[PDB]
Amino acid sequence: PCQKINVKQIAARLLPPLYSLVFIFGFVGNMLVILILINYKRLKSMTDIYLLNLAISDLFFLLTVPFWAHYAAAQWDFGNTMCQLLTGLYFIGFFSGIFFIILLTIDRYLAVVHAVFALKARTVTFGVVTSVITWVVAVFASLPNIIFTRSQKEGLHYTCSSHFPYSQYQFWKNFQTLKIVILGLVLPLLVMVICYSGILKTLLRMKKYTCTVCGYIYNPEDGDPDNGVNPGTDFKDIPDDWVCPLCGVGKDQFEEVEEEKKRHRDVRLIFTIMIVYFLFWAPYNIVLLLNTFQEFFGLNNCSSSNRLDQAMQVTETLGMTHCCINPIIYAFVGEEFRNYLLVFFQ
C-alpha cells in the first residue's frame, strides 16, 4: 500500500493504560458473574449454562489483552507458541461469544414461541451438550487464522502478526474478511430478525389489557365469546365496534397490563445483550468490509488507505472493550442479579 503514518509511537503510550483498565474492570466483572451463576444461581437453567459460557469466552478474550498492551509498549517478548496461542484465544473468544449470544436468543425463542415444547426441550444437560459442540465449532472456525500467525524478528524487533501467502494475498484478505462478516454480523443479525419477529408476535398476542374506567381485564386466552370474540384473539385484533363487557366504554379507554410471566420479562436482558454487542462490533465489521473490498468499490487513494487502516485499529479496539460490558448489563437490566445485591448488602 501507500507510505502509511507511524502511529506506533502514539500507540505505545496510549494503548497500555487503556488495555490495563479494560483488563481489570473485565476480569473483576466476569469473575463476579461466574461465581454468582455457579454459587447463588447454582446453574439450574439452560439459560444459566449459556450465560456462564458467555462469561468464559469473555475471560478467554481478556487473558490476551495484557499481552497486546506489552507488545504495544515494547515488542513480542513471549515467543512463537505464545503468539499462536493468544491469537487462538482471541479468535475462539470472539466466535464462541457471538455463538452463545445466538444460543441465548434461540433459548428465549423456544420458551416464548414454543412454550409447551420448551418444557421438554429446554434442559440443563442439553445446554451442556450444545455448549461443548459450540466450543468445538469456534475452535475449528479460528484454525486457519492460528496457522497463518507467527513470531518473527524484523531487523532488531520481534513481531506477532498474521502472514498470508503472497500471490494469494488478496484471496486470503477476501476469505478471512467474509468469514468474520458472515459469522460476526450477517449470522447474528439474521437470527435476531427471525427470532424477535416470533417473540414479539407472541408477546403482543398474549398481552392483557385493562379498562381504565371499571377495571375489567381482557385476557386474549379467554377472549369475550358472549360478544363474538373467540378465545385466542389479540386485543388489538378486535373490531373498534367492541365495548367493555362491564361498563360499555370503547377500546380507547383500555390500557396495557405490565408483563407478569417471568419467561416474557427475561426477553429484555437477552435482547439488550445482542443489541449492545452490535453497538461495539458492527463498526469494525463495516470498516473491515470497506478496507478489504470497498477499497476498489469506493476509495483507492493513499489518504483513504491510511484513514481506513487507522479506522480499523480504532474500531477493533472498541470491539475488544466489549469483553467488560455484559457484567454492567446484568447489574442494571437483569432482575435477579440486582435483587441478589439488595439482600447481600442489607
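Start at 1 with the first residue shown and count on from there.
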* Asked: If you average the Cα B factors in the entry, which is higher, 98-106 or 220-228?
  -> 220-228
* Greater mean Cα temperature factor according to the PDB record, 305-313 or 277-285 -> 305-313
* Asked: Which of these, 299, 52, 65, 318, has its C-alpha atom at the highest B-factor, as the entry lists it?
  -> 299
* To do: Can you pull the Cα B-factors for 168, 176, 130, 272 from the entry and say which is highest?
  => 168
* Asked: residue 241's Cα B-factor: lowest, middle or highest third of the chain?
  -> highest
* Among all modelled residues of this chain, ranked by Cα B factor, put residue 255 in the bottom, middle or top third, i.e. lowest, middle or highest. => middle
* To do: Among all modelled residues of this chain, ranked by Cα B factor, put residue 30 in the bottom, middle or top third, i.e. lowest, middle or highest.
  => middle
* **Record-listed C-alpha B factor of residue 20: chain third** => middle
* Once the chain's modelled residues are ordered by C-alpha B factor and cut into thirds, is residue 293 in the lowest, middle or highest one? -> highest
